[PDB]
Every structure is written in C-alpha cells, then in structure tokens.
Amino acid sequence: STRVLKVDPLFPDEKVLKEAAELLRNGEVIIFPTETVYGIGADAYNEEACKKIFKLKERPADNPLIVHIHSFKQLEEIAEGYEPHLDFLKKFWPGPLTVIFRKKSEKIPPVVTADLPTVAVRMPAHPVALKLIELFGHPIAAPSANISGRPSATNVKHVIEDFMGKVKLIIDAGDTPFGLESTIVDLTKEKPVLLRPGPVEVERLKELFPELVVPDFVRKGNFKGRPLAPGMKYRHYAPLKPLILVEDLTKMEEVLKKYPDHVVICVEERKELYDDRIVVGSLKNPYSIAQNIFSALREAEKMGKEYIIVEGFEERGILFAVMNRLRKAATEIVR
Ligand SMILES: C[C@@H](O)[C@H](NC(=O)O)C(=O)O
Ligand SMILES: [Mg+2]
C-alpha cells in the first residue's frame, strides 16, 4: 500500500519528513533520497527493522549497512579512534564519503554491522536525508534502494520498479545529483584503504593520503572472504540482460558481430556509429555519464534485445567509479 511524496530537495516539507520519522519510530522501512543514490532505511538502533531491509532487498547477511548521521556529535556516540581524522571528515562532510571506524555504540546491533567490530558511517549532503535524520532523532542504517545485485536507484521510477507494494513510503526528490554511491575509505588500519570508488575521486584522496592503498578488487571486482563495507562481495549493479563491457574499443567491430541481438550504451561523441544505442552522456562532461549509467542499464534491459553492450572509459576521475560499477555488473569483459 505504498505512498510516494514529492518534496523539494533544498527546503523539504517538514510534514512529509515527520510522517517518515513516525514510520521509522514504528520500526518500518522507508525509501529516501541522498546526493548519491536513493537509500532504503530503518532506525539504526532497531534490530528487527534492520532485518526487514535484508529481507526486502534479498540481501546476504554478511553485507553490512552504512549508518547515516546528521552531526559530528552522533559520530562521538557510534565510533572511536576518529579524533585524528576530524580535520579530514570536516573537509568532506556532509558529502558523498563513507568512512569505516571501530564500533563504539552498544546501541547499533550486529545485523547492521554484519557482526563486524567496525561500522561504515556517512554524513550525506542532501537536505532531505539530514532533516529526516535530525527530526527522527536516531542514525538511519540504509543500503542503496534496489533489489541486491541490481543497479542502484537514482530516481523514484527505479525505486517503484523494485519496491512498489513492499514499503509504506517513498520520498521523491527527483534524480540524485551524482548517480553513484559514496566513496568508501577504511581508516582503521596503519594505511588508509579505498574500498569503493565514488564522487570523492581517487586522485583527490591520493593528494591527502599519499599512502592510500587501492586493492585489486577495486580495479577488477573479484573480492572473496568477509566484506568490511558495501560494494565489495557478490554480483552488483547488474541488468536483467547479459552485460558485455568493452575496455578495448578496437574490438567493438568484432563484439557487435559476435553478439548480433544487441543494444549499445555509448558516449555522445560516438553515438552515430551504432544503429540501436542509448546515449549515457558526453566525454566532455564525465559527471553526465556517472549521473545516468544506472538509468541507462535499466532502460537498456527493456529494449527487448538479448545483449547489452557498453563502451569502456578512462580509469580516471569519476569514470574510475563508473568502470568499477560496470566491471562488477559485466557478464563478460573484452580487454
Ligand atoms: C544510500 C546511500 O547513502 C549509499 N548507500 C550504499 O551504497 O550502501 C551511499 O553510500 O552513497
Ligand atoms: Mg548497493
């Protein structure tokens, strides 16, 4: 019996946010916008309400949730060992950055953290998310709003495809600004570790952290063992049709001929090269490509074609993050 309430992204109707806060108080799951992707959230201190997130997403128990906060004072409650990183955190928060810390809070149950001694924490730069958290009065545990393994919802149409009739409330604030999930950095080890590339660019983190480690699974998508964050273990971001990622574009002639029943996801500058194609954005504006990629995967899988074929991009700036997503999605990679 799902309700969809439109709110302004800058000054949302506090009445809609109070309705959402009341649902959260009742141990219900709601869907809300951020600057990255839509989230599906519960009271972070409510065990049974956080289990409902796992059940609703068809999500493996060992994939932990990000705890969304609105103030530095809430970070003092839920984490420890962060005092040396506060100057850093204050430069990027609120914003599209998630950090892994040692868990303090007795109050955040093991289901949220997948029984790990660490917690993933984000302060999102979206007035709707910040105002909801503050009105509700507890942190919100929220993964991406999508069935697990599917592309992350960046607008209410995608949320509706996955969750109509399954959640009481969806707050609609339109297309998310970035269209890609937060950068994840582990700050619990001697050297900081990138776990998921995102809108906070690898190049920027390397300026601040010369010793930043970038593990193989970030450049390949191939992690086994116990994941410390979202977006590491399992198939992700995947359309309902086989995804062929083409890193080496000189084989694009050969791929199209090997997989005849195709639609191509391509850039504006190569649009008049393919008969059937979805234009995801321009190479002159890489943020356009990040903004639309999950959308493009969802249109593409509805074109009644057997195979979705995607152009590769430079492993640089925001396109690093795009390629990480496409590699975790791809049924085949032509390199
Ligand atoms: C809901 C949103 O904040 C998202 N969550 C996730 O991908 O698990 C992110 O980190 O950008
Ligand atoms: Mg996700």
# chains A, B, ... in the order shown; residues from 1 in each chain; ligands from 1
>>> residues_near_ligand(ligand="ligand 2", cutoff="12 Å", atoms="only C-alpha atoms and all ligand atoms", output="ChimeraX atom specification")
/A:36-40,53-54,57-60,63-66,142-154,180-182,196,229-238,294,325,328-329
>>> select_by_dssp(residues="segment 27-276 of chain A", states="alpha helix (DSSP H)", output="PyMOL selection string")
chain A and resi 47-57+72-78+86-92+110-113+127-136+156-163+202-208+216-220+252-258
>>> residues_around(residues="segment 311-319 of chain A", least_positions_apart="6", cutoff="8 Å", atoms="only C-alpha atoms", output="list in words")
residues 198, 199, 201, 202, 203, 245, 246, 247, 248, 249, 264, 265, 266, 267, 286, 287, 289 and 290 of chain A
>>> select_by_dssp(residues="segment 28-162 of chain A", states="strand (DSSP E or B)", output="mmCIF file with C-alpha atoms, in the first residue's frame")
data_model
loop_
_atom_site.group_PDB
_atom_site.id
_atom_site.type_symbol
_atom_site.label_atom_id
_atom_site.label_comp_id
_atom_site.auth_asym_id
_atom_site.auth_seq_id
_atom_site.Cartn_x
_atom_site.Cartn_y
_atom_site.Cartn_z
ATOM 1 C CA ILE A 30 11.229 3.832 4.182
ATOM 2 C CA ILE A 31 12.983 4.980 0.980
ATOM 3 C CA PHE A 32 14.589 8.466 0.835
ATOM 4 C CA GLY A 39 18.507 4.656 0.228
ATOM 5 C CA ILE A 40 16.176 2.164 1.940
ATOM 6 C CA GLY A 41 16.462 2.963 5.665
ATOM 7 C CA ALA A 42 15.439 1.851 9.163
ATOM 8 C CA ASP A 43 16.145 3.019 12.747
ATOM 9 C CA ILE A 66 26.023 2.262 6.151
ATOM 10 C CA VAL A 67 24.879 4.290 9.202
ATOM 11 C CA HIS A 68 23.753 7.808 8.125
ATOM 12 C CA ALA A 79 32.527 5.262 16.655
ATOM 13 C CA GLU A 80 36.001 5.644 18.296
ATOM 14 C CA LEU A 97 32.055 9.939 1.552
ATOM 15 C CA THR A 98 31.609 6.861 3.791
ATOM 16 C CA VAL A 99 34.357 6.020 6.348
ATOM 17 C CA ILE A 100 34.956 2.708 8.241
ATOM 18 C CA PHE A 101 35.698 3.154 12.006
ATOM 19 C CA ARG A 102 35.955 0.895 15.047
ATOM 20 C CA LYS A 103 32.397 0.426 16.510
ATOM 21 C CA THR A 118 33.710 -1.889 12.619
ATOM 22 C CA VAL A 119 30.893 0.417 11.361
ATOM 23 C CA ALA A 120 30.525 2.248 7.996
ATOM 24 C CA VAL A 121 29.438 5.913 8.639
ATOM 25 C CA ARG A 122 28.216 8.603 6.144
ATOM 26 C CA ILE A 140 19.472 5.656 9.836
ATOM 27 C CA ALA A 141 21.008 2.355 8.584
ATOM 28 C CA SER A 144 21.139 1.530 -1.820
#
>>> closest_residue(among="A:163, A:320, A:178, A:223", to="ligand 1", atoms="only C-alpha atoms and all ligand atoms")
A:178
